[PDB]
Every structure is written in C-alpha cells, then in structure tokens.
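Peer 1: here is the sequence, then the experimental structure:
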Amino acid sequence: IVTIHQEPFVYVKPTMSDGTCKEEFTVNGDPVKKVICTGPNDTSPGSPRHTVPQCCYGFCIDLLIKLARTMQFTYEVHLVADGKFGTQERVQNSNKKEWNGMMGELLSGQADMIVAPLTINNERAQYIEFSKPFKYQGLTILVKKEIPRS
Amino acid sequence: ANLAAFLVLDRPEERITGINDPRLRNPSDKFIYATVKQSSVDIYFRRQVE
Amino acid sequence: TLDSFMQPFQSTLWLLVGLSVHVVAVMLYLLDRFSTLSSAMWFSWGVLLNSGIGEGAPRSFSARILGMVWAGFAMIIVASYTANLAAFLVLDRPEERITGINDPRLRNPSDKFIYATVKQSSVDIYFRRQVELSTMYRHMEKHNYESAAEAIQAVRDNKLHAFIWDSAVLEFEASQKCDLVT
Amino acid sequence: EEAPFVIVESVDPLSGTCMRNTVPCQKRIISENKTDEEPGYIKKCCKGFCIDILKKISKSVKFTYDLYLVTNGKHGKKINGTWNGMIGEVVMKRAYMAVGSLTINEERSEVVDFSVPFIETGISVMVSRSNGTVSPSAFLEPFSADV
Amino acid sequence: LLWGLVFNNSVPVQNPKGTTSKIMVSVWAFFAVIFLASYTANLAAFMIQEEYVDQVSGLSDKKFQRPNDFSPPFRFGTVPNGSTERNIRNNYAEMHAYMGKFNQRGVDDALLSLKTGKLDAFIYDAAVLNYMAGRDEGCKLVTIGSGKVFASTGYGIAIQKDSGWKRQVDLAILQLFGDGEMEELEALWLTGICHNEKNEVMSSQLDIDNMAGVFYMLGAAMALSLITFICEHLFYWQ
Amino acid sequence: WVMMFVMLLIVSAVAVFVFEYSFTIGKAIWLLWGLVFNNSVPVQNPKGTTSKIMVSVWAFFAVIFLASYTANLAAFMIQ
Amino acid sequence: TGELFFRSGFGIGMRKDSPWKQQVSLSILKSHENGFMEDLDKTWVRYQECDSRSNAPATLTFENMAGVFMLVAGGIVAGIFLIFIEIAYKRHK
Amino acid sequence: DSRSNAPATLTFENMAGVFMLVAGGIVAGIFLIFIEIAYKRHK
Ligand SMILES: *[C@@H]1O[C@H](CO)[C@@H](O[C@@H]2O[C@H](CO)[C@@H](O)[C@H](O)[C@H]2NC(C)=O)[C@H](O)[C@H]1NC(C)=O
Ligand SMILES: CN[C@]1(c2ccccc2Cl)CCCCC1=O
Ligand SMILES: *[C@@H]1O[C@H](CO)[C@@H](O)[C@H](O)[C@H]1NC(C)=O
Ligand SMILES: N[C@@H](CCC(=O)O)C(=O)O
C-alpha cells in the first residue's frame, strides 16, 4: 500500500526508541489501532532521503484494517517518495509522457492499492480503476476571520 | 436605545461570495490565492479556457 | 401596531403571575408571627408595580433575605417585557419577491402561477427569438391581454399574478397607486 | 416517472406530437382481462434532469435510444425469489438499461452493473417547522458569572 | 437601602442623615442606573436574533427508540416498497413494526397529511426531500438539521452485466463534471425558493416554558429561606 | 400627550372628591405627574385606602406606557 | 466561505484487471448501510469546540467592569479626604 | 414613498386597549366608595 501525509486522514508520528510507538486511548478509553509505516523523514526531499520506520493512525488505515479483515490478506504500508498526489507531465523534451507522484508507483509495479484521499476525475480514470466512493466532498475557499467589534 | 443600536448592528465587510466573486475572476495585485502544486485542483483550472 | 396588553404575554401567564404575587403575601405574614395583613399585602404587590405606597417593612431577619430576592423578580418581568416589545416591532414575516427573469417560479411554470403581456408587442418578439425561453413562451401566449391599461386592472382583481412591460410606464403606475410594486 | 428527475407530460392536442426540448416516450396500458390486448399503446413524452443527462450522453457517445415507461411494481423489489419493476426488466433482458431515481446498495448491485454516481443522496428526516423558538434560560444568558 | 436602590428603587427605606453618606449613595446610584440600562439592552439584542432548534436529533433518540414512552405517542410513516424500508428492516428490527399502521400511499398524500397533522415525521430520500422542501407554498416544512444524511449513496445508471458499453458510459458521465454542465443543470432543475439559513420566526408571548428557570430560582430561594428560618429559630430556642 | 394631560387633570379631580369623603389639589397633581416619570420626584403620599387603589391603576398605566416608549424609540435606531 | 463548485468523492485506487476489483467495491457498499462508516465520522471528524454562528452575539465581560467599577471605587478613596474637609470646616466656623 | 420597512408611529389604536382599563377604574372606584363608607359605619 502507498499513502500520503494528510492531517484529518493519515497522521504521522515518530516512533519510540525501543521500536514500538506509544499506546493511546480515546475519550472513552477505546484503543487506537496503529500500523508501522516506513516513510522517508526530512519532508523536503532535496537532501538525501533515508528511510526511517514510523507508525501511523487515522481515518483511512482504520478502514483498511476492517477491510483487510474480511478478505484475509496481509499488508505492509509505506509512504510516497516526494509527497505529490500525481499529475501527467513531459520529461526530457521527448515524445513520451509519464506520471509524476503516487500514481507512478501504482503503475510501475511498486504498489497495489492507494488507500488515501485521491479524487476521481476524467484524466486519472483512463489508466486506473476506481471503486465506489466512500466519502462525498467538494472544493471550497478558506479565509481569515475578521476582527470582532469591541 | 442608542446602546442597543450599537450592539445589534455590525458590518460583515463583504466576506467573499464564492467562485463567481469579482475579487477572484479578474485579480489585482492586492489579493493573493494559491493551491498545492500537482493536485487535482490544478487539472480543473488548466483544462478549461474560461 | 400591537395588542397593547395581549401581544407580549399569554392570557394564562397573567393569572399565574397574579396568583404568585398573592402566594408570597401569605408567607410574609407567616414569618412575622412565627418569630399587618393589609400592610404586608401592600408591600409585595407594591414592589412589582414600582409605585411607592406604604411604610411597612419586614423588621425581622426572616423576610429580609426573602424580601430582597422578591424585588429582583419584579425587575426581570418588566425588563423582559420591554425587550419583547422591541423584538415584535422590528422583525417581519418572511416573503418571496421575484428576483427577475431567472426566478424558479417563472422558469418552470406551475398550474397556479399566471403571467402575461400585451399581444403583438416588442416583448413577444424578444421571447420568440430566443430558444432557452421556449418553455416560457407557451405559458404566456395563452393568457395575453389586449392593452396595457386593461392589463393593470386585472392585477388589482387577483386574476393575474405578474405583468411584464416597460419600466418607464410601470414605474409611473406604482406611485399613483401604491398597492402594487415593481 | 418520479421526483423532478422525470416528469411525464401530455401530448399537444393540435399536431398529435409535442414540442422541442422533450423526448417522446410510449407508455403501455392494459385494458381487458378476459381477452388481453396485443401491442396496444398510448403515446406521451417526458422531460427532466435524467432526460437531459441521457441526451448529453447520447450526443457524446453515439447511440440511439427509445424510452418506454415501466409496466408495474415501481422501482424494484425482490418478491419471493423473483424481481419485478425496473430491475426486473433489466435483469430479464429486453431492457439493457435503466435511468431515473435508483439508489445503489449491496443487494441490488449483485445482478446489474452500476455507473459512477452523478448526485449525492441518502436518508433524511422531514418534519413541519413549529412557529416558536427556544429560550429556557434567556434571562441569565447576558452578563458573566463573575461580575 | 443599597439593595433596594440598585434594583430600580423599589422598597421604602430611611436614608442616612450624614452628608458623606448622602454623597456615596449618589455615585452608587449612578452606577446602578448605568448597570441596569445596559442589561436591558443586552437582553434585547440576545432576544432579537436567536437561532431556532429542531426538537429531534436523528435516528438514535428517545422519541424514535421508545415511541410509546412519551407524552402523546409519536407518529411517523414511510412509503413501502423501497430502499429506505429495506435498510430500516435490517438495522432497526424493533421500530419497524411500530410504523405498520402509518404506511402512506404517495409523496403528495404524505405531504398533505403532514400539513394537516396526521403525521409528525417523514423518512424518505434526501435528494427529493430537499427539492420538495425548497419549493413549497409557504415555508412550513423543514428538512431537519442542516441535511445530515445517514446512509450516503448515489443515483446511478443500471446496465446489463458483462457489457462493453460500461466503460464508455462511465467516461462520458465523468466528462460532464470536468466541463461544468452539471452545475448548470443542477441550478436550472434543482434550485428552490427557500434556503434555510436559520431566520428569526419572531417568537411571541413568552410561554411558561421559558421562565421556568426564574420561577425555579424563586422556589429555591423560598426553600432556603424557610430552611434558614427553622435552623435559626431552633438555634435560638436554646 | 394632550389627552393624557387632560385625563391626568380628570383623575386628579377624581382623587380630590374621593379624598373629600392636607391633600387637596396642587400636591396631588404634582404627585401624579411625578409618578409617570419613573417616580423620580419625592412626594407626599395620601393615607386613604380608596386613594391608594386609585393610584395603583394609574401606576399601572404609567408602567405600561414608559415601556412602550422606550421600545418604540429603539426602532428608529434599528431602522 | 462560499458553496462547492467541483463535486466528487474519494476512492480506493487500484490497477486495472486486478483480482481485487470485485470484492473491494462490495465491501465499501456494505459499510455504508450497516452504520460502521458514520461511526468513524464521529470519532475522527465530528467534534466542534469553536463557536458556531456568523454574527455570534456575545455577552459583555469584565472588560466593561473595569471601566465602571473603578469609577465608584475612585469615589471611595476620594470620599475619605472630603470627610476630613467637612469635619475641619465644622470646627473652623 | 413608504418603501417596504416603514417604521410605524403608533397611533391611538394602542390607546384604546390601555386607557379603557384606567378609565374603567373611575366608574369602578366610585362603587367601592359606598362599601367603604358603609364599612366605616358598620364597624
Ligand atoms: C407494495 O407492494 C405490495 C406487493 O405485495 C403491493 O401489494 C399489492 O398491491 C396491488 C395493487 O394494489 C394489489 O393488486 C395486490 O393484491 C397487492 N398484493 C397483496 C399480497 O396484497 C402494495 O400495493 C405495494 N404498495 C405500494 C404503496 O406500492
Ligand atoms: C432604567 N429604567 C428603565 C425602566 C424601568 C422601569 C420600567 C420601565 C423601564 Cl423602560 C430600564 C430600561 C430602559 C430605561 C428605563 O426607563
Ligand atoms: C415462491 O417461489 C416460486 C416463485 O419464485 C413459486 O414456485 C412459489 O409458488 C412462490 N410462492 C408463492 C406463495 O407465490
Ligand atoms: N430511490 C429509491 C426508492 C425510493 C426510496 O426507497 O426512498 C430506490 O432506488 O430504491
């Protein structure tokens, strides 16, 4: 599996020294499942990137565990190389064009699923196949709130 | 009474209608907006000429 | 304008309020003898009315704690009454005014909304040529009138809901009789 | 016919047909039970949101179509091990497709193939608004507990 | 004297004879006047614009889970032979049998019965209910909350299994979203008059259910008063 | 306002001949007038039960009216 | 601010002609109707601590208290001096 | 020229519902004079 750091869906935290990260409980004392992630640190990939084990928890992979429960298949999640969702560009001024992002790993045999927020559009539907959406959303604008009147 | 008038009324200061707002359609140099590079938002804007 | 007394409160509240005033007056007499019926009756009933009549006061410490809080309940009733009357004189019932030619009522005509113009006019030319308003022309051509002066009379008698015509003529008509509006 | 998705109209009495921005569709009627009537139909035409969607799809990808209204049983319901309705029509050949209001669920999506949804729906509760407001402790609402 | 003077000048009292005592009460009275005026307004501002709350939460509530265990039994209905009934049957077996007597016939009949008063709640598809609530004679009907759907699904095109046209149909449908004709179609065919932005109904007459708090505080004051009186009398008995 | 003033005079005369069965005329007018305006002015209250009953309803009238007026005057600011 | 203009949904991306194509789609549809999906929304997405409403009419706070309570307090510290003046003037005339 | 808001200067319409009560006490107060003078002589 290949995922991406996204605040509401996939949390990323450093692991503890011993190799297993922290135990956590919710507001009602419900244990939170965690999966070991092998992603590169130093979020800016300009410097030589070295893979380091981490652990993730959030909305997407919790859904993944129950989904993997029924099909009886194991898994091992890692993080995308450069943190890009994926667009189709042109390289080296040639007649061949290739994808750049987490879509490249899926096509080039380095992955089998993308359990991550990845919207459906016409461009990506001609190469990969999408399942029925599990969450409907849209685009919007975020601005800073004004000052209250004294 | 005056006190009540001062409390009740306030100015929202035209807090952006949406994608058809005149502040966005023809942008000046006093308003800046941007998104994440290489995302599905880029595909939506680039594909249509309008 | 308002129902001077009936608008701000129910009829059932007043009897409860009036009875509640009589409840404490009985209690104030009880505390005096246990540790002046007319005088005690004047006090509690007087305080809520804000009028200054009577010289009797609770000398014992028993009613001092109860008397002070009773005065507080007097002001909260009047203060809420003033705010409520202000709220009723400012707000208004919601209503829908035709925003223009793109309003949903005109774009998708129902069986209870009727509008028409003057037959053989420039308005008929405008609607016929355009294609996007084809569904609107059919509804209009069945109820069109003969003259502008006759059509305005129909709106007054509630035989027609809307009338489309030049603004120069209609703007003059609204001022003369302001039971219509544009 | 259902909702503002498909609206069924009546034929113009003058020309025996109906106007533009509409697709002619023919709804079958059964009159006699003692002796059933063979190919006896009536002609109508219907319009709506799904009709416009179908028109645009047909303009984009080239194919021809001919609508015809359902016979019985509303949308569809598995009754004693046999479907009826729109799903019953499509599952038993001679329909090949189905448009209109038809939700997507696990049980119904095991005998047909669904496309990408073009609208979001669900289950909602609808009640009549009461001509009142809420203010249980409005007297204590202003000010602060410390002053 | 001070507690009477602050609360708008009610109870009689004997004023002090001294001059500096007369001076202090003057500024205290000025403070009391300022105080009171502000409170009144403030209350007018809070009351003028107050948002309303629907008296039901969702499908997990005491009104729905326990229908009879309430004041006048709660009545609601669903048109049968549909997806909503099938979904309700699987997950809520107990409350399915309670709506058997209230099965309606059509959407128009259900709306008429809701207007008359035969029903109190309706369960059906959200997309059609939004349109029907947004286009009505008057603004009597509401859609609950802000439109919190419970079983999020979508409308689709049914095609025969194992056919080649599915990919082309899906691509053609996905094309429309990118170029924006879906927005135009939804604006033309699905817009309504109302918008449900929590407008002021302009409430009236201040029913007893509001001042229950202030009468409760008055009763609590009375209770503490006679409690303190009994305690003080028994202490002074010795 | 003018009919309020004339009815104030009428009610003053009413209280006059009710008390007839040191409070005769001027003092009483002054008291009633003072009573409308938030009871600001010090007064000399009468000592008759019927007079008290008569004053109470006027009191009521005063309280209702003052409330109207503030509210009503607030509407101009808000519109 | 504003409404939504580009409407789509998040999906599980898989390669074409994959054996997991059929099973994954059925599992997601089952999760919606049985109520498991909305349970995740409450735990991870749905909890509001900031104030709602646009105008948000807020009650006055102590900031008003400082502007008014200090004034009456200032009279107290200034009224004690005037008492000395009065008693001094009492014996001075 | 009333536009649509049209703040209303309240007329005598409200005065009827309030002045009747206070005026009513006048004819209701003379009646209780008789019982008042009778009670003084009776007791
Ligand atoms: C829901 O489906 C049932 C199917 O059992 C319908 O019941 C039939 O309705 C038809 C038409 O009125 C009758 O001719 C049959 O005799 C009924 N069958 C039985 C077993 O009673 C029912 O009418 C449908 N309801 C709605 C609202 O569509
Ligand atoms: C300060 N006394 C007030 C009042 C007191 C008593 C009755 C009515 C009123 Cl309106 C309080 C509220 C507004 C100003 C005013 O006259
Ligand atoms: C149900 O099963 C089959 C049709 O699916 C039929 O043989 C049988 O009679 C049906 N039962 C009834 C009661 O119709
Ligand atoms: N739209 C529903 C039918 C109506 C309903 O169940 O509410 C379906 O596709 O089955």
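Peer 2: Great, that's in hand. Residues are numbered from 1 along each chain as shown, chains lettered A, B, ... in the order given. Ligands and ions are numbered 1, 2, ... in the order given.
Peer 1: residue E:41 against residue C:79, yeah?
Peer 2: No. In this structure, residue E:41 is not within contact of residue C:79 by CB atoms under 8 Å, at 9.9 Å. The C-beta positions use only the backbone N, C-alpha and C, and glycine is treated the same way.
Peer 1: which parts of chain E sit against chain B?
Peer 2: E:37, E:38, E:41, E:42, E:44, E:45, E:48, E:49, E:178, E:179, E:180 (CB under 8 Å from any CB of the partner chain).
Peer 1: is the host helix or strand of the first one anywhere near chain H?
Peer 2: When secondary structure is defined using DSSP states H and E, the element that contains residue E:37 is helix E:19-48. No. Using CB under 8 Å from any CB, no contact is recorded between helix E:19-48 and chain H, whose separation bottoms out at 15.1 Å.
Peer 1: tell me the phi and psi of residue 44?
Peer 2: Assuming you mean chain A. phi -80, psi 110 (degrees, to the nearest 10).
Peer 1: you looked at the wrong chain, it should be chain F
Peer 2: phi -130, psi 100.
Peer 1: residues contacting it?
Peer 2: Residue F:44 makes contact with F:23, F:27, F:31 under the criterion CB atoms under 8 Å, 6 or more residues apart in numbering or on different chains.
Peer 1: OK, now which residue of chain A is nearest to ligand 3?
Peer 2: residue A:132 (29.8 Å; CB to the nearest ligand atom).
Peer 1: grab the nearest non-local neighbour of residue 55.
Peer 2: I went with chain A, as the question did not name one. In space, and not counting its chain neighbours, residue A:55 is closest to residue A:21: 4.2 Å by CB to CB, 6 or more residues apart in numbering or on different chains.
Peer 1: wait, I meant chain E there
Peer 2: residue D:130 (7.2 Å).
Peer 1: chain F versus the closest residue to residue E:8 other than its chain neighbours, what's the distance?
Peer 2: Nearest non-adjacent residue to residue E:8, counting by CB to CB, 6+ apart: residue C:75, 5.4 Å away. When distance is defined by CB to the nearest CB, to the nearest Å, residue C:75 is 12 Å away from chain F.
Peer 1: strands along the chain, start to end?
Peer 2: As the question left the chain open, I've gone with chain A. A:2-3, A:10-14, A:35-40, A:51-58, A:78-79, A:87-90, A:97-100, A:113-114, A:128-130, A:135-138 (DSSP state E).
Peer 1: meant chain G actually
Peer 2: Remark: strands assigned in chain G by DSSP E are G:7-10, G:13-15.
Peer 1: wait, residue A:117 sits on residue A:3?
Peer 2: No. Residue A:117 lies out of contact with residue A:3 (CB under 8 Å); the separation is 9.7 Å.
Peer 1: re earlier: look at residue E:41 and residue C:79 and report which has more neighbours.
Peer 2: The neighbour comparison of residue E:41 against residue C:79 (other CB atoms under 10 Å in any protein chain shown) goes to residue E:41, with 25 against 19.
Peer 1: contacts only, for the more buried one.
Peer 2: So residue E:41 contacts B:1, B:3, B:4, B:7 (CB under 8 Å, 6+ apart).
Peer 1: so who does residue A:55 touch?
Peer 2: Counted by CB under 8 Å, 6+ apart, residue A:55 has contacts A:13, A:15, A:20, A:21, A:34, A:35, A:36, A:37.
Peer 1: try residue A:131
Peer 2: Residue A:131 touches G:11, G:12, G:14, G:24, G:25, G:28, counting by CB under 8 Å, 6+ apart.
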